[PDB]
file protein-v2.pdb (PDB, C-alpha atoms and all ligand atoms)
ATOM      1  CA  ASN C 701      -9.688  -0.240 -21.447
ATOM      2  CA  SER C 702     -11.844   0.504 -18.395
ATOM      3  CA  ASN C 703     -13.428   4.015 -18.258
ATOM      4  CA  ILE C 704     -12.826   4.452 -14.510
ATOM      5  CA  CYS C 705      -9.597   4.617 -12.440
ATOM      6  CA  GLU C 706      -8.729   1.212 -10.956
ATOM      7  CA  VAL C 707      -7.778   2.744  -7.595
ATOM      8  CA  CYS C 708     -10.492   5.398  -6.867
ATOM      9  CA  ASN C 709     -13.214   4.178  -9.244
ATOM     10  CA  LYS C 710     -13.828   7.666 -10.691
ATOM     11  CA  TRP C 711     -13.639   8.907 -14.283
ATOM     12  CA  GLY C 712     -11.402  11.789 -15.269
ATOM     13  CA  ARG C 713      -8.035  12.141 -17.084
ATOM     14  CA  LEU C 714      -7.100   8.426 -17.274
ATOM     15  CA  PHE C 715      -3.920   6.741 -18.585
ATOM     16  CA  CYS C 716      -4.550   3.329 -20.058
ATOM     17  CA  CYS C 717      -2.433   0.226 -19.558
ATOM     18  CA  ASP C 718      -1.125  -1.236 -22.839
ATOM     19  CA  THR C 719      -1.027  -4.789 -21.571
ATOM     20  CA  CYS C 720      -4.239  -5.038 -19.602
ATOM     21  CA  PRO C 721      -7.597  -3.199 -19.606
ATOM     22  CA  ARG C 722      -6.964  -1.133 -16.429
ATOM     23  CA  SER C 723      -6.813   2.623 -16.310
ATOM     24  CA  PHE C 724      -5.430   5.206 -13.869
ATOM     25  CA  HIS C 725      -5.368   8.719 -12.755
ATOM     26  CA  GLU C 726      -1.827   9.975 -12.924
ATOM     27  CA  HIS C 727      -1.248  10.163  -9.129
ATOM     28  CA  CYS C 728      -3.498   7.222  -8.293
ATOM     29  CA  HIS C 729      -1.015   4.832  -9.934
ATOM     30  CA  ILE C 730       2.084   4.159  -7.881
ATOM     31  CA  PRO C 731       4.648   5.094  -9.036
ATOM     32  CA  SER C 732       2.851   8.178 -10.733
ATOM     33  CA  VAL C 733       2.124   7.313 -14.386
ATOM     34  CA  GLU C 734       5.363   7.762 -16.335
ATOM     35  CA  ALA C 735       5.677  10.812 -18.769
ATOM     36  CA  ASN C 736       6.485   8.950 -21.964
ATOM     37  CA  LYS C 737       6.826   5.099 -22.361
ATOM     38  CA  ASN C 738       4.862   3.685 -25.298
ATOM     39  CA  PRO C 739       3.823   1.002 -24.706
ATOM     40  CA  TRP C 740       3.167   1.528 -20.948
ATOM     41  CA  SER C 741       2.509  -1.316 -18.572
ATOM     42  CA  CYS C 742       0.811  -0.710 -15.152
ATOM     43  CA  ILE C 743       2.024  -2.010 -11.810
ATOM     44  CA  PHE C 744      -0.372  -4.944 -11.933
ATOM     45  CA  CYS C 745       1.235  -6.044 -15.218
ATOM     46  CA  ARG C 746       4.786  -5.456 -13.895
ATOM     47  CA  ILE C 747       4.095  -7.573 -10.806
ATOM     48  CA  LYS C 748       2.574 -10.380 -12.931
ATOM     49  CA  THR C 749       5.777 -10.319 -15.085
ATOM     50  CA  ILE C 750       8.014 -10.823 -12.014
ATOM     51  CA  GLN C 751       5.959 -13.874 -11.096
ATOM     52  CA  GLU C 752       6.012 -15.333 -14.604
ATOM     53  CA  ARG C 753       9.748 -14.845 -14.911
ATOM     54  CA  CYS C 754      10.331 -16.656 -11.572
ATOM     55  CA  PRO C 755       7.479 -19.065 -10.854
ATOM     56  CA  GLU C 756       9.225 -20.253  -7.699
ATOM     57  CA  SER C 757       8.824 -16.692  -6.292
ATOM     58  CA  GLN C 758       5.313 -17.868  -5.352
ATOM     59  CA  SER C 759       6.399 -20.636  -3.008
ATOM     60  CA  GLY C 760       5.797 -19.836   0.655
ATOM     61  CA  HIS C 761       8.116 -17.526   2.554
ATOM     62  CA  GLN C 762       8.652 -16.635   6.186
ATOM     63  CA  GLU C 763       7.659 -13.072   7.114
ATOM     64  CA  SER C 764      10.899 -12.619   8.990
ATOM     65  CA  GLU C 765      12.956 -13.298   5.858
ATOM     66  CA  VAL C 766      10.760 -11.023   3.709
ATOM     67  CA  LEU C 767      11.137  -8.129   6.148
ATOM     68  CA  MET C 768      14.931  -8.274   6.099
ATOM     69  CA  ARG C 769      15.132  -8.037   2.346
ATOM     70  CA  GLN C 770      16.894  -5.017   0.951
ATOM     71  CA  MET C 771      14.826  -2.652  -1.161
ATOM     72  CA  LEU C 772      16.233  -3.643  -4.594
ATOM     73  CA  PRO C 773      14.038  -2.786  -7.623
ATOM     74  CA  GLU C 774      11.706  -5.804  -7.314
ATOM     75  CA  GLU C 775      11.037  -5.308  -3.577
ATOM     76  CA  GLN C 776      10.523  -1.537  -4.170
ATOM     77  CA  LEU C 777       7.914  -2.486  -6.792
ATOM     78  CA  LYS C 778       6.181  -4.971  -4.520
ATOM     79  CA  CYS C 779       5.897  -2.357  -1.719
ATOM     80  CA  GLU C 780       4.546   0.172  -4.202
ATOM     81  CA  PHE C 781       1.899  -2.338  -5.318
ATOM     82  CA  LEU C 782       0.971  -3.253  -1.735
ATOM     83  CA  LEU C 783       0.571   0.514  -0.924
ATOM     84  CA  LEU C 784      -1.594   0.822  -4.032
ATOM     85  CA  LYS C 785      -3.821  -2.086  -2.950
ATOM     86  CA  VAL C 786      -4.516  -0.205   0.292
ATOM     87  CA  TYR C 787      -5.489   2.971  -1.602
ATOM     88  CA  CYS C 788      -7.817   0.831  -3.709
ATOM     89  CA  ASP C 789     -10.117   0.461  -0.649
ATOM     90  CA  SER C 790     -12.329   3.468  -0.166
ATOM     91  CA  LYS C 791     -11.722   3.329   3.625
ATOM     92  CA  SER C 792      -8.141   4.401   2.920
ATOM     93  CA  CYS C 793      -9.424   8.005   2.841
ATOM     94  CA  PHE C 794      -9.243   8.049   6.623
ATOM     95  CA  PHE C 795      -5.552   7.244   6.694
ATOM     96  CA  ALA C 796      -4.301   9.149   3.588
ATOM     97  CA  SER C 797      -3.540  12.632   4.800
ATOM     98  CA  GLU C 798      -1.851  13.960   7.942
ATOM     99  CA  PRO C 799      -3.997  13.322  11.028
ATOM    100  CA  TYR C 800      -4.518  15.510  14.089
ATOM    101  CA  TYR C 801      -5.450  14.492  17.588
ATOM    102  CA  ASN C 802      -7.763  16.363  19.947
ATOM    103  CA  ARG C 803     -10.185  14.041  21.724
ATOM    104  CA  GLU C 804     -11.135  14.180  25.390
ATOM    105  CA  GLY C 805      -9.519  11.270  27.202
ATOM    106  CA  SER C 806      -6.885  10.431  24.592
ATOM    107  CA  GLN C 807      -3.446  11.576  23.738
ATOM    108  CA  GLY C 808      -2.089  11.599  20.168
ATOM    109  CA  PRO C 809       0.557   9.066  19.060
ATOM    110  CA  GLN C 810       4.258   9.724  19.574
ATOM    111  CA  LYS C 811       4.930   8.986  15.930
ATOM    112  CA  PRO C 812       2.087   9.944  13.590
ATOM    113  CA  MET C 813       1.942   8.175  10.234
ATOM    114  CA  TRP C 814      -0.210   8.296   7.169
ATOM    115  CA  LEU C 815      -0.457   6.824   3.638
ATOM    116  CA  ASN C 816       0.716   9.912   1.728
ATOM    117  CA  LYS C 817       3.815  10.058   3.980
ATOM    118  CA  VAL C 818       4.613   6.386   3.150
ATOM    119  CA  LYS C 819       3.990   7.230  -0.473
ATOM    120  CA  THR C 820       6.517  10.094  -0.383
ATOM    121  CA  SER C 821       8.954   7.927   1.522
ATOM    122  CA  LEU C 822       8.850   5.249  -1.166
ATOM    123  CA  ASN C 823       9.171   7.808  -3.932
ATOM    124  CA  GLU C 824      12.251   9.295  -2.240
ATOM    125  CA  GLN C 825      13.878   5.805  -1.689
ATOM    126  CA  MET C 826      13.933   6.357   2.095
ATOM    127  CA  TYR C 827      13.399   2.719   2.962
ATOM    128  CA  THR C 828      16.415   0.409   2.787
ATOM    129  CA  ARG C 829      14.582  -2.793   3.723
ATOM    130  CA  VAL C 830      11.040  -4.109   3.370
ATOM    131  CA  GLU C 831      10.804  -3.940   7.181
ATOM    132  CA  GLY C 832      10.879  -0.038   7.064
ATOM    133  CA  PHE C 833       7.889   0.129   4.812
ATOM    134  CA  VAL C 834       5.913  -2.572   6.647
ATOM    135  CA  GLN C 835       6.599  -1.016  10.091
ATOM    136  CA  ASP C 836       5.270   2.409   8.920
ATOM    137  CA  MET C 837       2.166   0.751   7.385
ATOM    138  CA  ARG C 838       1.401  -1.150  10.544
ATOM    139  CA  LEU C 839       2.000   1.950  12.681
ATOM    140  CA  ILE C 840      -0.783   3.769  10.831
ATOM    141  CA  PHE C 841      -3.326   1.264  12.091
ATOM    142  CA  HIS C 842      -1.842   0.744  15.524
ATOM    143  CA  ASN C 843      -1.857   4.575  16.155
ATOM    144  CA  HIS C 844      -5.521   4.639  15.153
ATOM    145  CA  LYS C 845      -6.523   1.744  17.459
ATOM    146  CA  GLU C 846      -4.781   3.245  20.407
ATOM    147  CA  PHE C 847      -6.170   6.797  19.933
ATOM    148  CA  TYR C 848      -9.815   5.851  19.358
ATOM    149  CA  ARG C 849      -9.923   3.348  22.294
ATOM    150  CA  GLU C 850     -13.495   2.156  22.677
ATOM    151  CA  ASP C 851     -15.079   4.389  20.066
ATOM    152  CA  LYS C 852     -16.541   2.246  17.330
ATOM    153  CA  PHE C 853     -14.444   4.235  14.813
ATOM    154  CA  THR C 854     -11.527   2.045  15.914
ATOM    155  CA  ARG C 855     -12.951  -0.559  13.572
ATOM    156  CA  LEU C 856     -11.901   1.417  10.499
ATOM    157  CA  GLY C 857      -8.268   0.698  11.517
ATOM    158  CA  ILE C 858      -8.995  -3.005  11.865
ATOM    159  CA  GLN C 859     -10.682  -3.038   8.505
ATOM    160  CA  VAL C 860      -7.939  -1.300   6.525
ATOM    161  CA  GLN C 861      -5.221  -3.253   8.386
ATOM    162  CA  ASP C 862      -6.886  -6.470   7.277
ATOM    163  CA  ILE C 863      -6.696  -5.277   3.626
ATOM    164  CA  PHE C 864      -3.026  -4.473   4.124
ATOM    165  CA  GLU C 865      -2.177  -7.824   5.761
ATOM    166  CA  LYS C 866      -4.047  -9.971   3.194
ATOM    167  CA  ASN C 867      -2.310  -8.159   0.351
ATOM    168  CA  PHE C 868       1.066  -8.399   2.119
ATOM    169  CA  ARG C 869       0.692 -12.181   2.411
ATOM    170  CA  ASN C 870      -0.359 -12.416  -1.308
ATOM    171  CA  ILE C 871       2.229 -10.098  -2.842
ATOM    172  CA  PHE C 872       5.145 -11.451  -0.859
ATOM    173  CA  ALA C 873       3.972 -15.081  -1.021
ATOM    174  CA  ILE C 874       3.934 -15.597   2.706
ATOM    175  CA  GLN C 875       3.607 -19.298   3.664
ATOM    176  CA  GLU C 876       0.019 -20.118   4.478
ATOM    177  CA  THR C 877      -0.804 -21.131   8.090
ATOM    178  CA  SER C 878      -3.871 -21.843  10.293
TER
HETATM  179 ZN    ZN C 901      -8.017   7.533  -9.409
HETATM  180 ZN    ZN C 902      -1.785  -3.438 -16.817
HETATM  181 ZN    ZN C 903      13.318 -18.330 -11.710
END
call {"tool": "encode", "arguments": {"input": "protein-v2.pdb", "output": "structure tokens"}}
result
Amino acid sequence: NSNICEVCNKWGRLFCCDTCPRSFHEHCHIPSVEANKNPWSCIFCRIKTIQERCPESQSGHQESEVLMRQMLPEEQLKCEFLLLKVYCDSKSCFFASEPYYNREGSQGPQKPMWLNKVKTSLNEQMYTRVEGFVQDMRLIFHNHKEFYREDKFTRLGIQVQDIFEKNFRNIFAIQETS
């Protein structure tokens, strides 16, 4: 196994996947690494299994259909993985914890949002459809763009949104377009 966490790239108390060489901090993995379970398979492995069991799950889909899907176990897993892929980028630090807004010439968002809140929401089964999760993810970046206006820091929102959107299209097998 790797000697660093796959998500944050640090050493520490790591839990090792039994079916691949990745390792994780307990609360870096999503869901948090399970108490018992020998062998244990990480989220990467669990997502690969879904694909292998249903190869046709990789044919192209329309985003509108994906969003309306109910959060059954497989869609719950896919959203957990997509959230984890965002955390894997170091620029996610900016969006992880609860933000506050006090900048001359701007007003804070009406509905603040952040990664750890989405994380808790998934853990608590608060989303009934994929759309719920995706709307909250996109709101994080949209809030950021609006608040920071012409400051160059706005680009951090663009950057992390692009990681989200690429991973969304991959994980949910969105039909490729120009
Ligand atoms: Zn970690
Ligand atoms: Zn694994
Ligand atoms: Zn099948």
call {"tool": "residues_near_ligand", "arguments": {"input": "protein-v2.pdb", "ligand": "ligand ZN 902 (chain C)", "cutoff": "12 Å", "atoms": "only C-alpha atoms and all ligand atoms", "output": "short mmCIF file (atom, residue, chain, number, x, y, z; two decimals) with C-alpha atoms, in the frame of the given file"}}
result
data_model
loop_
_atom_site.label_atom_id
_atom_site.label_comp_id
_atom_site.auth_asym_id
_atom_site.auth_seq_id
_atom_site.Cartn_x
_atom_site.Cartn_y
_atom_site.Cartn_z
CA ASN C 701 -9.69 -0.24 -21.45
CA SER C 702 -11.84 0.50 -18.40
CA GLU C 706 -8.73 1.21 -10.96
CA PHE C 715 -3.92 6.74 -18.58
CA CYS C 716 -4.55 3.33 -20.06
CA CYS C 717 -2.43 0.23 -19.56
CA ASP C 718 -1.12 -1.24 -22.84
CA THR C 719 -1.03 -4.79 -21.57
CA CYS C 720 -4.24 -5.04 -19.60
CA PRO C 721 -7.60 -3.20 -19.61
CA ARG C 722 -6.96 -1.13 -16.43
CA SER C 723 -6.81 2.62 -16.31
CA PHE C 724 -5.43 5.21 -13.87
CA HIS C 729 -1.01 4.83 -9.93
CA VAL C 733 2.12 7.31 -14.39
CA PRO C 739 3.82 1.00 -24.71
CA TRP C 740 3.17 1.53 -20.95
CA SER C 741 2.51 -1.32 -18.57
CA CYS C 742 0.81 -0.71 -15.15
CA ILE C 743 2.02 -2.01 -11.81
CA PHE C 744 -0.37 -4.94 -11.93
CA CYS C 745 1.24 -6.04 -15.22
CA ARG C 746 4.79 -5.46 -13.90
CA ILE C 747 4.10 -7.57 -10.81
CA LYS C 748 2.57 -10.38 -12.93
CA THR C 749 5.78 -10.32 -15.08
#
call {"tool": "closest_atom_pairs", "arguments": {"input": "protein-v2.pdb", "of": "chain C", "to": "ligand ZN 901 (chain C)", "cutoff": "12 Å", "atoms": "only C-alpha atoms and all ligand atoms", "output": "tab-separated table"}}
result
residue	atom	partner	partner_atom	distance
C:703	CA	C:ZN901	ZN	11.0
C:704	CA	C:ZN901	ZN	7.7
C:705	CA	C:ZN901	ZN	4.5
C:706	CA	C:ZN901	ZN	6.5
C:707	CA	C:ZN901	ZN	5.1
C:708	CA	C:ZN901	ZN	4.1
C:709	CA	C:ZN901	ZN	6.2
C:710	CA	C:ZN901	ZN	6.0
C:711	CA	C:ZN901	ZN	7.6
C:712	CA	C:ZN901	ZN	8.0
C:713	CA	C:ZN901	ZN	9.0
C:714	CA	C:ZN901	ZN	8.0
C:715	CA	C:ZN901	ZN	10.1
C:716	CA	C:ZN901	ZN	12.0
C:722	CA	C:ZN901	ZN	11.2
C:723	CA	C:ZN901	ZN	8.6
C:724	CA	C:ZN901	ZN	5.7
C:725	CA	C:ZN901	ZN	4.4
C:726	CA	C:ZN901	ZN	7.5
C:727	CA	C:ZN901	ZN	7.3
C:728	CA	C:ZN901	ZN	4.7
C:729	CA	C:ZN901	ZN	7.5
C:730	CA	C:ZN901	ZN	10.8
C:732	CA	C:ZN901	ZN	11.0
C:733	CA	C:ZN901	ZN	11.3
C:784	CA	C:ZN901	ZN	10.7
C:787	CA	C:ZN901	ZN	9.4
C:788	CA	C:ZN901	ZN	8.8
C:789	CA	C:ZN901	ZN	11.5
C:790	CA	C:ZN901	ZN	11.0
call {"tool": "residues_near_ligand", "arguments": {"input": "protein-v2.pdb", "ligand": "ligand ZN 903 (chain C)", "cutoff": "6 Å", "atoms": "only C-alpha atoms and all ligand atoms", "output": "JSON, numbers by chain"}}
result
{"C": [753, 754, 755]}
call {"tool": "atom_distance", "arguments": {"input": "protein-v2.pdb", "atom1": "CA of residue 812 in chain C", "atom2": "CA of residue 836 in chain C"}}
result
9.4 Å
call {"tool": "resolve_selection", "arguments": {"input": "protein-v2.pdb", "expression": "the PyMOL selection byres (((chain C and resi 817) around 12) and not hetatm)", "output": "ChimeraX atom specification"}}
result
/C:783,795-799,812-816,818-824,826,833,836-837,840
call {"tool": "axis_aligned_box", "arguments": {"input": "protein-v2.pdb", "around": "range 752-768 of chain C", "padding_each_side": "5 Å", "output": "lines of an AutoDock Vina configuration file"}}
result
center_x = 10.1
center_y = -14.4
center_z = -3.0
size_x = 19.6
size_y = 22.5
size_z = 33.9
call {"tool": "closest_residue", "arguments": {"input": "protein-v2.pdb", "among": "C:763, C:845, C:806, C:735", "to": "residue 861 in chain C", "atoms": "only C-alpha atoms"}}
result
C:845
call {"tool": "atom_distance", "arguments": {"input": "protein-v2.pdb", "atom1": "CA of residue 772 in chain C", "atom2": "CA of residue 843 in chain C"}}
result
28.7 Å
call {"tool": "closest_residue", "arguments": {"input": "protein-v2.pdb", "among": "C:770, C:792, C:776, C:764", "to": "residue 857 in chain C", "atoms": "all atoms listed in the file"}}
result
C:792
call {"tool": "residues_around", "arguments": {"input": "protein-v2.pdb", "residues": "range 865-870 of chain C", "least_positions_apart": "2", "cutoff": "9 Å", "atoms": "only C-alpha atoms", "output": "PDB file with C-alpha atoms, in the coordinates of the input"}}
result
ATOM      1  CA  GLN C 758       5.313 -17.868  -5.352  1.00  0.00           C
ATOM      2  CA  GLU C 763       7.659 -13.072   7.114  1.00  0.00           C
ATOM      3  CA  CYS C 779       5.897  -2.357  -1.719  1.00  0.00           C
ATOM      4  CA  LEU C 782       0.971  -3.253  -1.735  1.00  0.00           C
ATOM      5  CA  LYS C 785      -3.821  -2.086  -2.950  1.00  0.00           C
ATOM      6  CA  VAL C 786      -4.516  -0.205   0.292  1.00  0.00           C
ATOM      7  CA  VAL C 834       5.913  -2.572   6.647  1.00  0.00           C
ATOM      8  CA  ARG C 838       1.401  -1.150  10.544  1.00  0.00           C
ATOM      9  CA  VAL C 860      -7.939  -1.300   6.525  1.00  0.00           C
ATOM     10  CA  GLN C 861      -5.221  -3.253   8.386  1.00  0.00           C
ATOM     11  CA  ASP C 862      -6.886  -6.470   7.277  1.00  0.00           C
ATOM     12  CA  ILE C 863      -6.696  -5.277   3.626  1.00  0.00           C
ATOM     13  CA  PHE C 872       5.145 -11.451  -0.859  1.00  0.00           C
ATOM     14  CA  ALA C 873       3.972 -15.081  -1.021  1.00  0.00           C
ATOM     15  CA  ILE C 874       3.934 -15.597   2.706  1.00  0.00           C
ATOM     16  CA  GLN C 875       3.607 -19.298   3.664  1.00  0.00           C
ATOM     17  CA  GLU C 876       0.019 -20.118   4.478  1.00  0.00           C
TER      18      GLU C 876
END
call {"tool": "atom_distance", "arguments": {"input": "protein-v2.pdb", "atom1": "CA of residue 809 in chain C", "atom2": "CA of residue 768 in chain C"}}
result
26.0 Å
call {"tool": "closest_residue", "arguments": {"input": "protein-v2.pdb", "among": "C:825, C:769, C:751, C:811", "to": "residue 839 in chain C", "atoms": "only C-alpha atoms"}}
result
C:811
call {"tool": "closest_residue", "arguments": {"input": "protein-v2.pdb", "among": "C:734, C:855, C:766, C:846", "to": "residue 808 in chain C", "atoms": "all atoms listed in the file"}}
result
C:846
call {"tool": "residues_near_point", "arguments": {"input": "protein-v2.pdb", "point": "(-9.7, 8.7, 21.9)", "cutoff": "9 Å", "atoms": "only C-alpha atoms", "output": "short mmCIF file (atom, residue, chain, number, x, y, z; two decimals) with C-alpha atoms, in the frame of the given file"}}
result
data_model
loop_
_atom_site.label_atom_id
_atom_site.label_comp_id
_atom_site.auth_asym_id
_atom_site.auth_seq_id
_atom_site.Cartn_x
_atom_site.Cartn_y
_atom_site.Cartn_z
CA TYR C 801 -5.45 14.49 17.59
CA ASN C 802 -7.76 16.36 19.95
CA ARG C 803 -10.18 14.04 21.72
CA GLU C 804 -11.14 14.18 25.39
CA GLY C 805 -9.52 11.27 27.20
CA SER C 806 -6.88 10.43 24.59
CA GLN C 807 -3.45 11.58 23.74
CA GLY C 808 -2.09 11.60 20.17
CA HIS C 844 -5.52 4.64 15.15
CA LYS C 845 -6.52 1.74 17.46
CA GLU C 846 -4.78 3.24 20.41
CA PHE C 847 -6.17 6.80 19.93
CA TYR C 848 -9.82 5.85 19.36
CA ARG C 849 -9.92 3.35 22.29
CA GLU C 850 -13.50 2.16 22.68
CA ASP C 851 -15.08 4.39 20.07
#
call {"tool": "closest_residue", "arguments": {"input": "protein-v2.pdb", "among": "C:827, C:800, C:781, C:864", "to": "residue 767 in chain C", "atoms": "only C-alpha atoms"}}
result
C:827
call {"tool": "closest_residue", "arguments": {"input": "protein-v2.pdb", "among": "C:877, C:835, C:852, C:871", "to": "residue 757 in chain C", "atoms": "all atoms listed in the file"}}
result
C:871
